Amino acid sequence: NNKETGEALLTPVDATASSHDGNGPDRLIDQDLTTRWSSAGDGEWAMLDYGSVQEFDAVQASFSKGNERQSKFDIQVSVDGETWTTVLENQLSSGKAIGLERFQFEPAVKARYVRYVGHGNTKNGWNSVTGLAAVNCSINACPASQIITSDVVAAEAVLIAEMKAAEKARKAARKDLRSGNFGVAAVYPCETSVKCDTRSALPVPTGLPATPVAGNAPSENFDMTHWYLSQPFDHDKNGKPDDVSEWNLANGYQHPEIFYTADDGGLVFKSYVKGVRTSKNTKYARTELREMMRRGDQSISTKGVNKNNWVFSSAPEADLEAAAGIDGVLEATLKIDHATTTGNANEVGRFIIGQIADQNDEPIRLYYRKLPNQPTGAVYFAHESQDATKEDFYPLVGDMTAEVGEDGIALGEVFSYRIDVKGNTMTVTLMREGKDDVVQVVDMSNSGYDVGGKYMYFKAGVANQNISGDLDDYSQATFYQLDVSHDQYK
């Protein structure tokens, strides 16, 4: 009954979404395979509004990276846009095509609103769709080619090649930003002024002022014995960030461009778009601290369930004991001085200010994000779970669209955060003077961070999440508190 021919599809009057990352729902109906609506988390939806009641019996949808993974979804319809009928369930896209694919049901239904309800894909927890449309196969083309068969794949070959040549060019443009050949020359206390005993633990700093003081080195305002600093320039030309070890940081290290005490005592981190990066697994530069519970004793390794890292108290007994501590609290107070104003729809204005990471994934990445056109910014966080097959975002002040108007956190405004892990429960709190705390509690029982062999460390500072803006654009934050604690086994 399906024909190769038919009249034009209806144009939706409105496309909306429960959420997105800046790649908004307007990108579903633009017929461009080069744009996408993206959102993360089971049950997130995009909705086509047709303006009045119409008749449909199918949808056509093209999928972001549709040839590398399969998306999972339902489709639902409504007359009122309050009561929802499910017409297609546990659909799985083909994984073989980036062009349109049809998902058809019998019989037709009457609806004004049609909704895509996403359940991630087979690789990660993202719902990412390049085109969606409700279709009536009595009047509209429902061609054969939208059923993905070997010959549809062969027919995609020219499109695939052109996409890949554009990927390749962007990858080359990104590579040009990564020389690390910039910034004034660093001065390392361990090479210049201090004999550093890298086979011992640093002393515990005492007499740290309650409020950071201008003209103090960061290690005089904060306990810098349990961090190393990742710096985005590469002055010894090994292709890697020039890292500042705990013995250096704890003896007064500062870099006057990117890591230094401000004129009110705050610790400033600045991160440009440009720089070398920590590995091929990220696209982004960072100017960020990485927790080192060995605290300067370099006989202990950086990586491993060992005396440099902690574990959740819900981990197996062997891990609980082999770790330097169990559970953890990071508490920080800071203000954002500047957010990138250039870059693409999901990256502009976005960076990370706190993390907990294991070898591969992040139990949390705390973002701040300000859009160049909004007068305040958003703070929200991600919990990645189940070996990175799942990802959920939780708002704190606004959400990942960062469309907060006047209601978010302004450049210059001081606020606090707390990341608190006790076993398989993470509590994240956002504090602001004269306002109520905002709290999100994350149940991690099924997150798989207690399975055994996973080691944890905190991070704080500014990890850029923008590789697409101008090379010299930057994001910058000033911290006034950085307090880390852990429990001990028995």
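We number the residues from 1 along the sequence you see.
With 286 to 294 and 184 to 192 compared on mean CA B-factor from the PDB entry, the stretch scoring higher is 184 to 192. Stretches 202 to 210 and 256 to 264 differ in mean CA B factor, with 202 to 210 having the higher one. Between the residues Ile409, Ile419, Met163, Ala402, the entry's highest C-alpha temperature factor is the one at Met163. Of the candidates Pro241, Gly343, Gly398, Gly118, the deposited coordinates give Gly118 the top C-alpha B factor. When the modelled residues of the chain are ordered by C-alpha B-factor, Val462 sits in the lowest third. Per the deposited record, the Cα B-factor of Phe269 falls in the lowest third when ranked against the other modelled residues of its chain. The entry lists a Cα temperature factor for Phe222 that places it in the lowest third of the chain's modelled residues. Among the modelled residues of its chain, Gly95 has a C-alpha B-factor that falls in the highest third, as given in the PDB entry.
In the PDB entry, a CA B factor belonging to the middle third of its chain's modelled residues is recorded for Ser468.
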